[PDB]
Amino acid sequence: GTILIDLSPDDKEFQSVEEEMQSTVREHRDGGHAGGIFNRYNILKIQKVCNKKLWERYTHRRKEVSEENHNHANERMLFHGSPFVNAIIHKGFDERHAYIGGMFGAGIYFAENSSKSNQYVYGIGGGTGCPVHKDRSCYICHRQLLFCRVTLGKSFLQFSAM
Amino acid sequence: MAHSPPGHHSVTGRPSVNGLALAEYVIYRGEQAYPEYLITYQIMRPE
Ligand SMILES: COc1cccc2c(=O)[nH]c(-c3ccc(C)cc3)nc12
Ligand SMILES: [Zn+2]
C-alpha cells in the first residue's frame with residue numbers, strides 16, 4: 001500500500017519542489033480558459049508518495065529501457081495533472097490514465113510547465129472547473145498535481161505548432 | 001493505449017511557435033512513471 005509523508009516547508013526538498021512549480025508557470029494561449037488566470041501558486045502541502053510494489057514495478061521497467069537504450073534511462077522529473085490523481089497514487093499509472101485524444105498519441109502525458117498540467121486537474125480542457133463553484137479559475141478550492149519520475153529512454157522528437 | 005514509435009520508448013512534443021512553452025512528453029507504458037510527490041495548492045489571483 002501507499003503511504004504519504006508530509007515534507008516540512010523548512011526542508012530543502014520541499015523548497016526545491018515548490019521552486020520547480022513556481023518557476024515553470026507560463027501564460028497559456030487560451031487566456032486562462034482551461035486552468036485559470038494566475039502567475040503563481042499558494043503551495044499548501046507537499047507529500048512524498050511511498051509504495052514499495054509500485055517503486056519496484058517502476059525500477060524494473062527503467063532497467064529494461066536503460067539496457068535497450070545503451071545504458072541510458074533518460075529519466076526526468078515532470079508534472080502530471082489528472083482527474084485520476086487519487087487512483088494513481090494508490091494503484092500506479094496504467095491505461096485508464098492515458099489521454100486517448102492527445103495530439104502526440106494515446107498515451108500518458110507529462111509537462112515541464114506546471115501550469116500546463118494545471119489545465120488537466122479538473123479534466124480535459126479544465127472540464128467544468130472545481131466541483132463546488134464550477135469555476136475553472138477557482139481561487140478558493142484546493143488542487144493537487146503530481147511531480148513524477150519519468151523514464152523516457154529513446155524519445156521521438158515531434159515539433160508541434162503550439 | 002498506443003505503442004511508442006518503433007525503436008523508441010516515448011515521444012517529446014516540443015512547441016515550435018511559442019518560444020516560452022516548454023516540452024510535453026508521452027509514455028505508452030504506465031510502468032515508465034512513478035508518482036513521487038503529491039502537491040496540494042491553490043492558484044493565486046494576480047494583484
Ligand atoms: C496535452 O496533454 C497534456 C500535456 C501536458 C501535461 C498533461 C497532463 O499533466 N495531464 C494530461 C491529461 C490528459 C487527459 C487525462 C484524462 C488525464 C491527464 N494531459 C497533459
Ligand atoms: Zn471552487
# chains A, B, ... in the order shown; residues from 1 in each chain; ligands from 1
>>> closest_atom_pairs(of="chain B", to="ligand 1", cutoff="12 Å", atoms="only C-alpha atoms and all ligand atoms", output="tab-separated table")
residue	atom	partner	partner_atom_place_in_ligand_line	distance
B:11	CA	ligand 1	4 (C)	11.6
B:12	CA	ligand 1	4 (C)	10.6
B:13	CA	ligand 1	4 (C)	8.8
B:14	CA	ligand 1	4 (C)	10.8
B:15	CA	ligand 1	4 (C)	11.2
B:21	CA	ligand 1	5 (C)	11.0
B:22	CA	ligand 1	5 (C)	9.7
B:23	CA	ligand 1	5 (C)	8.2
B:24	CA	ligand 1	5 (C)	5.1
B:25	CA	ligand 1	5 (C)	7.0
B:26	CA	ligand 1	4 (C)	8.1
B:27	CA	ligand 1	20 (C)	11.3
B:35	CA	ligand 1	9 (O)	11.9
>>> residues_around(residues="residue B:3", least_positions_apart="2", cutoff="10 Å", atoms="only C-alpha atoms", output="JSON, numbers by chain")
{"A": [105, 106, 107], "B": [1, 5, 6, 8, 9, 10, 27, 28, 29]}
>>> interface_residues(of="chain A", to="chain B", cutoff="7 Å", atoms="only C-alpha atoms", output="PyMOL selection string")
chain A and resi 37-49+55+57-58+61-62+89+93-95+98+104-113+139-162
>>> select_by_dssp(residues="chain B", states="strand (DSSP E)", output="mmCIF file with N, CA, C and O atoms, in the first residue's frame")
data_model
loop_
_atom_site.group_PDB
_atom_site.id
_atom_site.type_symbol
_atom_site.label_atom_id
_atom_site.label_comp_id
_atom_site.auth_asym_id
_atom_site.auth_seq_id
_atom_site.Cartn_x
_atom_site.Cartn_y
_atom_site.Cartn_z
ATOM 1 N N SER B 10 9.268 6.693 -25.893
ATOM 2 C CA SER B 10 8.464 7.846 -25.555
ATOM 3 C C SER B 10 8.486 8.820 -26.719
ATOM 4 O O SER B 10 9.215 8.617 -27.703
ATOM 5 N N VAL B 11 7.682 9.871 -26.590
ATOM 6 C CA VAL B 11 7.657 10.996 -27.520
ATOM 7 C C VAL B 11 7.872 12.289 -26.768
ATOM 8 O O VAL B 11 7.329 12.484 -25.648
ATOM 9 N N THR B 12 8.680 13.167 -27.359
ATOM 10 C CA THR B 12 8.879 14.525 -26.857
ATOM 11 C C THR B 12 8.123 15.468 -27.768
ATOM 12 O O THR B 12 8.445 15.557 -28.946
ATOM 13 N N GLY B 13 7.114 16.151 -27.238
ATOM 14 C CA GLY B 13 6.353 17.114 -28.003
ATOM 15 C C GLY B 13 6.915 18.481 -27.724
ATOM 16 O O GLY B 13 6.812 18.974 -26.601
ATOM 17 N N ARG B 14 7.547 19.101 -28.716
ATOM 18 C CA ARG B 14 8.225 20.361 -28.481
ATOM 19 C C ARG B 14 7.588 21.528 -29.218
ATOM 20 O O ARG B 14 7.613 21.562 -30.455
ATOM 21 N N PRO B 15 6.969 22.466 -28.479
ATOM 22 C CA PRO B 15 6.327 23.604 -29.116
ATOM 23 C C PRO B 15 7.322 24.411 -29.945
ATOM 24 O O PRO B 15 8.372 24.806 -29.441
ATOM 25 N N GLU B 24 6.381 18.783 -23.690
ATOM 26 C CA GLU B 24 5.398 17.834 -23.167
ATOM 27 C C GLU B 24 5.893 16.475 -23.602
ATOM 28 O O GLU B 24 6.590 16.349 -24.630
ATOM 29 N N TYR B 25 5.647 15.454 -22.785
ATOM 30 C CA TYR B 25 6.213 14.134 -23.056
ATOM 31 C C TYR B 25 5.108 13.107 -22.893
ATOM 32 O O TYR B 25 4.206 13.272 -22.050
ATOM 33 N N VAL B 26 5.208 12.040 -23.691
ATOM 34 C CA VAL B 26 4.200 10.999 -23.719
ATOM 35 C C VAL B 26 4.910 9.663 -23.556
ATOM 36 O O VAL B 26 5.899 9.380 -24.243
ATOM 37 N N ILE B 27 4.412 8.854 -22.625
ATOM 38 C CA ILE B 27 4.816 7.459 -22.480
ATOM 39 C C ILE B 27 3.621 6.558 -22.741
ATOM 40 O O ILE B 27 2.468 6.977 -22.592
ATOM 41 N N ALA B 33 6.546 5.555 -15.298
ATOM 42 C CA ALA B 33 6.398 6.717 -14.417
ATOM 43 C C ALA B 33 6.091 6.298 -12.967
ATOM 44 O O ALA B 33 5.421 5.278 -12.742
ATOM 45 N N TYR B 34 6.613 7.063 -12.012
ATOM 46 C CA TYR B 34 6.340 6.813 -10.576
ATOM 47 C C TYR B 34 5.903 8.145 -9.986
ATOM 48 O O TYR B 34 6.612 9.125 -10.170
ATOM 49 N N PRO B 35 4.747 8.195 -9.283
ATOM 50 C CA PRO B 35 4.207 9.463 -8.765
ATOM 51 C C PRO B 35 4.912 9.893 -7.485
ATOM 52 O O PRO B 35 4.382 9.710 -6.390
ATOM 53 N N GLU B 36 6.065 10.525 -7.602
ATOM 54 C CA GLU B 36 6.937 10.720 -6.437
ATOM 55 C C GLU B 36 6.444 11.732 -5.374
ATOM 56 O O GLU B 36 6.606 11.505 -4.168
ATOM 57 N N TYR B 37 5.894 12.855 -5.826
ATOM 58 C CA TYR B 37 5.380 13.899 -4.947
ATOM 59 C C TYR B 37 3.932 14.247 -5.296
ATOM 60 O O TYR B 37 3.562 14.358 -6.461
ATOM 61 N N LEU B 38 3.151 14.500 -4.244
ATOM 62 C CA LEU B 38 1.769 14.955 -4.343
ATOM 63 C C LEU B 38 1.729 16.343 -3.759
ATOM 64 O O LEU B 38 2.039 16.576 -2.572
ATOM 65 N N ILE B 39 1.387 17.309 -4.602
ATOM 66 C CA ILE B 39 1.427 18.711 -4.270
ATOM 67 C C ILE B 39 -0.007 19.238 -4.186
ATOM 68 O O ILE B 39 -0.783 19.105 -5.144
ATOM 69 N N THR B 40 -0.346 19.812 -3.028
ATOM 70 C CA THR B 40 -1.650 20.443 -2.804
ATOM 71 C C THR B 40 -1.466 21.958 -2.832
ATOM 72 O O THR B 40 -0.532 22.503 -2.222
ATOM 73 N N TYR B 41 -2.322 22.653 -3.582
ATOM 74 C CA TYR B 41 -2.124 24.068 -3.838
ATOM 75 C C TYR B 41 -3.428 24.791 -4.234
ATOM 76 O O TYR B 41 -4.417 24.163 -4.569
ATOM 77 N N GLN B 42 -3.366 26.107 -4.205
ATOM 78 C CA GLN B 42 -4.347 26.987 -4.848
ATOM 79 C C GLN B 42 -3.629 27.802 -5.919
ATOM 80 O O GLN B 42 -2.449 28.148 -5.789
ATOM 81 N N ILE B 43 -4.334 28.144 -6.988
ATOM 82 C CA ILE B 43 -3.838 29.209 -7.864
ATOM 83 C C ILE B 43 -4.120 30.552 -7.174
ATOM 84 O O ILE B 43 -5.088 30.661 -6.423
#
>>> residues_near_ligand(ligand="ligand 2", cutoff="6 Å", atoms="only C-alpha atoms and all ligand atoms", output="VMD selection string")
chain A and resid 130 132 to 133 135 138 140 to 141
>>> atom_distance(atom1="atom CA of residue A:117", atom2="atom CA of residue A:79")
6.1 Å
